[PDB]
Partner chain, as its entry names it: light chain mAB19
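In the block that follows, a single chain appears as structure tokens, in the form solved without its partner chain.
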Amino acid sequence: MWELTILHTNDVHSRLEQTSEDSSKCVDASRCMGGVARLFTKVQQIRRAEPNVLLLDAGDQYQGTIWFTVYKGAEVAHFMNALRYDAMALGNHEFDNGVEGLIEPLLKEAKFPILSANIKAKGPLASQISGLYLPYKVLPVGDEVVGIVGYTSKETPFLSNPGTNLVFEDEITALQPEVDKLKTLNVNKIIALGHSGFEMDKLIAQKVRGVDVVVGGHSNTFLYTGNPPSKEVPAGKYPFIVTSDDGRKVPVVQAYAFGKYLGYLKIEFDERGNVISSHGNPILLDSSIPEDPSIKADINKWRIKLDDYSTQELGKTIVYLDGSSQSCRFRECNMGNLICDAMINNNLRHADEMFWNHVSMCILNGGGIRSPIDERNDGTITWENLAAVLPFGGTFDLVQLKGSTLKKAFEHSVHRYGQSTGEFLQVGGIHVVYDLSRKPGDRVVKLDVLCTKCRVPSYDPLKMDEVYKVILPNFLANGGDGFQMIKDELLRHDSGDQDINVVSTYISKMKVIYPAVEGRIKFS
């Protein structure tokens, strides 16, 4: 039998350094997790112990801390090379700085193949980018060869900045003839590695004949067999087994996000490449694993340039600033309240003619909030802390909407509630109540809004046929996260200030902050 060890990461999102266990900045060093130094130690240990090992990344290394703000992906190429990754698939965040921001820092510097079979280049772009990413790579592993075929979320154009000259084809349609090619080349072991989300991963496993294993990402899925070692709750066993339409058992794996875990799957193949068995579990990268001293020293080197985003205290928090996805995608979270209060404040700083100009209302996609902040380091808030919460460089815009437009937005907010999706709205100037037992599109059972046409602001039931001034991310003003109604029906859009500056100025002005969860969003 020939045994393959697959070690995999996904949605690392610029956590080059170890982190608190909620993936924010490490403060209590003795209990930190993740980071590429600790990852290295563990991979090294596994490579000593197992003869056939591949280390794979399923995309979304780009975007998430000051590391990326500053080094713009040059840190990704540098440290992925140091860890000796064997292959990476392109994720949507790889395109955030446009194709140019992927070509120059990453594709031209990586020492391993970068993959995606469903991304097709056209127009003036097709010539530059040719050869820089590949549909697949066949890799020698010991005496054998393993084919890796890449794929990338078909909805990257609605998520990132890939430009007008790249086409994202259906993953299953694009993947099949590549896997078919590999088979005619007599490659009988085939891993599909890519970045479309666990639901698409399962369908690729089901539908692409010849795929032996799927290694995926994008949905930050945590899978586990046995008693999970930390706060993440398993969505299924590890590996998750899909039975293909031609009858094969196909393991499907993902390993959460932020470099907190290393996925580890061992696959037993026979000499024809049939999977006899597989097993494993993600490995929690906690402090019981030591940080490699070489990689850590090189991280400390690179870190020097990052220190002046932590040089100044902006303000303090005396409460935990809960920007976790498990809160912000599911209920009112105090990081979302703080941000909306800054957006409204920033506006109502230049307002009042009367009953108009006053904008009283804010909404904010909870998935746009990308990290918590911890109150325990004497509670200091720095530019670096804020940059991990708001890494996209968006702006907070003013939009005018109808009551009816807004009610449909709130129905959209919870239309598929329960899947940790980013559309769930955090708010200010708005008291919404949902009843999730009702049907999608009919779950909003109360929606009050803060009058602006009044001398004392108080909450009144929203009116379907009235018009309202809402502050919200440009992401949302453009129909991001499926808020088609907003793009389609707004009656006015104006651009606003940079997101991080807004929140930063607000914090500096308050000096000490303490946002509560206060019943702006309730469930019936």
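Numbering follows the first chain given and starts at 1.
Beyond the structure shown, there is the form solved in complex with its partner chain, which is absent from this document and is the topic of what follows.
Comparing 132 to 140, 234 to 242, 414 to 422, 200 to 208 against its partner chain in the deposited complex, the single stretch with non-hydrogen atoms within 4.5 angstroms of it is 132 to 140. Remark: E291 does not count among the residues lining its partner chain in the deposited complex, judged by a heavy atom distance of 4.5 Å or less.
Within 4.5 Å of some heavy atom of its partner chain in the deposited complex lies at least one heavy atom of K181. For the chain shown alone, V445 is not a contact residue for its partner chain in the deposited complex, no non-hydrogen atom being within 4.5 angstroms. Its partner chain is not drawn, but in the deposited complex it has a heavy atom within 4.5 Å of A126. With the partner removed from view, the residue among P113, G367, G394, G403 that has a non-hydrogen atom within 4.5 Å of its partner chain in the deposited complex turns out to be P113.
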